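Included below are structure tokens for two forms of one protein chain, each presented in isolation as structure 1 and structure 2.
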Structure 1
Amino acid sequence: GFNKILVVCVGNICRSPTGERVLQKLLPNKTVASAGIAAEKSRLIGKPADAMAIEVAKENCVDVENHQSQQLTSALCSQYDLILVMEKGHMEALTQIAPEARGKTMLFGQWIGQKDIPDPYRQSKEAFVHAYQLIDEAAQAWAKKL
């Protein structure tokens, strides 16, 4: 039984808050949160989701308001049943932080051909559109399996 899901990216301002809120809307009886591998080093802790990420999600009827970026820690990992990373490369960075969490760590895009979800940060709204499309397709697949 996977009830608590942690969506992980690097800053926790773009992809991972979007994935959190998209999955949360699809799985209302589950607890979905998100965290960033380098949120602390990037000085992003407490920051809201990127304005374009909020805007694009809003246009797809998903609320990414009231988000606060947080750092991924071993303690945080122990609280969640399933961990979903945005890129395959994030796994090595995750294991460095929480080696014990590798067993429950999977790819957000696992069921859509194990696709990595590209970072739209610092780019135009079109890049955020692209990322949302992939996150949406990926989350819809996870929801069918959970």
Structure 2
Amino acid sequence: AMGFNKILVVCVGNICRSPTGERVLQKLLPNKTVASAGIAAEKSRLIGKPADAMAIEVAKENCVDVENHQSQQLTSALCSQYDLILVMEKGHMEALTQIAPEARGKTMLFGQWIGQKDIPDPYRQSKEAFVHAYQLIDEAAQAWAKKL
């Protein structure tokens, strides 16, 4: 009914949380187009980095494919192509507003339907941190799927 067909999942690096969230939500909603971007996307010179090796490993154990990901920079042009934008932290909303002020009105929280929780960043931590990040992303995505 809302027409949220193209969904953009956003974090800072676009290598841990947002590619995980993108692929978990994509598996739950096969007829939707789910992509991801970073407020300060991690790049190798100018090439988009793949998802963190541990993020790929943890998702693989939960039957979610996070291979063939290339990080991309969040821009106003990119935001204009999506119907719904889902940030990983409430704090990300201020930075997103500076890049894409026209995206105000379609920027929502990834963990909105799980008590408005921020998804913990597992970057540079052990496998267990990647497990907890995945588990909370899964709970949040399942709650979004019932509303989409």
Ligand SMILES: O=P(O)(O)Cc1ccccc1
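Basically, rigid core = biggest C-alpha set you can superpose within 1.5 Å across the two forms. For numbering, take structure 1's sequence and count from 1.
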*Given that just one of these two is the form deposited with the ligand bound, which number is it?*
1
_Single mover in 51, 106, 45, 38, with Cα shift of 2 Å or more between the two structures when the core is superposed_ = 45
*May I ask for the C-alpha shift of residue 118 between the two structures, in Å, based on superposition of the rigid core?*
1.1
*Give me the C-alpha shift of residue 64 between the two structures, core superposed, in Å.*
0.0
